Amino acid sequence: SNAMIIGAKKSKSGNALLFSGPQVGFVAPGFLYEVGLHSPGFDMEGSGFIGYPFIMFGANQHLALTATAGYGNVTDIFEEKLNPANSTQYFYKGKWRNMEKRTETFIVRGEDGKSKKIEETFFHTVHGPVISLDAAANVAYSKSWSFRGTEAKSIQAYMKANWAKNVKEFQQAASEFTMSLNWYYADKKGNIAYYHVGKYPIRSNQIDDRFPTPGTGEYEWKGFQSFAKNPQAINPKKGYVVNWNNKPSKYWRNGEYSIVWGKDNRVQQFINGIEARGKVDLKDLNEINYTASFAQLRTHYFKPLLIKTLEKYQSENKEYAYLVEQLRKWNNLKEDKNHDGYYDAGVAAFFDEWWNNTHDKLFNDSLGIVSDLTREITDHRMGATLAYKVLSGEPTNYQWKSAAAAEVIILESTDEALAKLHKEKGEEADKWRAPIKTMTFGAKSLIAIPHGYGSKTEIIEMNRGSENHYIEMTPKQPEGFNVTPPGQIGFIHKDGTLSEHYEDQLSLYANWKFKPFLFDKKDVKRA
């Protein structure tokens, strides 16, 4: 998920701006629900996740808000020391403790139509539910959520945010939210504010918080840190805040999940867009969102590395010369502006294969035996920090490859990628243009169960929020535009007829058009 808030000084009109882009996948019915709420002293338009009694992306009369996944450290796994003579007992504070037992029944619809009945036993310790067993080592793994039992207090906190009228009330609501999210704030007075919300535990400083914590009782949480210690800022001096699930602040850690917060981070797409402009408007935010959605994210750090290597040898290798010309003219996007079904920049097909070849050569001979666990780290969708440090010759703890060995890899990957394109397409980069990846608003969301029948319509894959709001807090009222695909109404008639509002926003989404943000009842009636 990505977000941007622009303070008054960074905005052309002098009004604070807000941009939302929650990434919760693409399903039909959609993962978001858009609504307008209006009661005495409470007027708010926007969308929230399906089922939530509050808006998460939009604005009330006073403030605009959005959120992104925080990726903070709110989940710890505890390594329970089991009794060798009783697997349902673990050692805690000097004495054996009995696990809590619970038998659950599951009814399963058989393909034949009838239903079967399955029984399972789940176990609990003082730290939480047992998620895994290492019986061979007399170990059980339990899971502690910092937000255990406080999910309803988080709902209440989000509802108080809806009702809030100023930074003070919004921050109070932020301070009560117990789960790990980034909150973004913009108001009609020109203020913007950012909060890494959640209840983050005070951990033992005698453990490595990238690994499970021994459950014997000496390394227990000692409460939660004060909200003042949560990353946050009101009116940061840079004049704005951008985020794509990246690190909140230089020294804020998230233990086991650091892999999302490296030098190579996809937020660079939003940093580049904002830093390449002076004062900005909603039009600008939209062009930066377009860039992020279609960018080949490895290009930021790895296309310069590639070019630097090839330029050393392009005098004698005409193919390297042609590649460097094509790479340099490429705008780093995998886009389909003419809607011919093929990405416009043919050299993007080469870069894709070059990267894949390069990642394989960097780590296969060392991590291949563990690539079932590490490939998702070293080829992460948010960035390839370790790969970049190796190829760029920057310091690493283990000497993976020298800068000279790295260059040899970059070259070998180029030769192999180019040789495959010559054999299958030809020598002109125009012929390398790859067919666009498409997707559909399907039936199954991140909760991993079916909630409908989905949608047929194929649109180009976009690394983009599942909705977008562009809001400008003008002195009069919030203003702007948004899109909430596939459509408002997920109703299918018994006879198969889709509601007229089942997917009437998919064309807007795929063609980078939007509908007006409505706040004034006068405008709502004529919409």
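A residue's number is simply how far along the shown sequence it sits, counting from 1.
Per the PDB record, of the two stretches 133-141 and 159-167, 133-141 carries the greater mean B-factor over its C-alpha atoms. Mean CA B-factor, 93-101 versus 175-183: the higher value falls on 93-101.
Between the residues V267, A443, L418, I192, the entry's highest C-alpha temperature factor is the one at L418. Looking only at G110, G72, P231, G262, the residue with the top Cα B factor in the deposited structure is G110. Ranked by Cα temperature factor within the chain, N86 sits in the highest third according to the deposited record. Annotation for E479: C-alpha temperature factor in the middle third relative to the rest of the modelled chain, per the entry. In the PDB entry, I459 places in the highest third of its chain by CA B-factor. When the modelled residues of the chain are ordered by C-alpha B-factor, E467 sits in the lowest third. Compared with the other modelled residues of the chain, the Cα B-factor recorded for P485 ranks in the lowest third.
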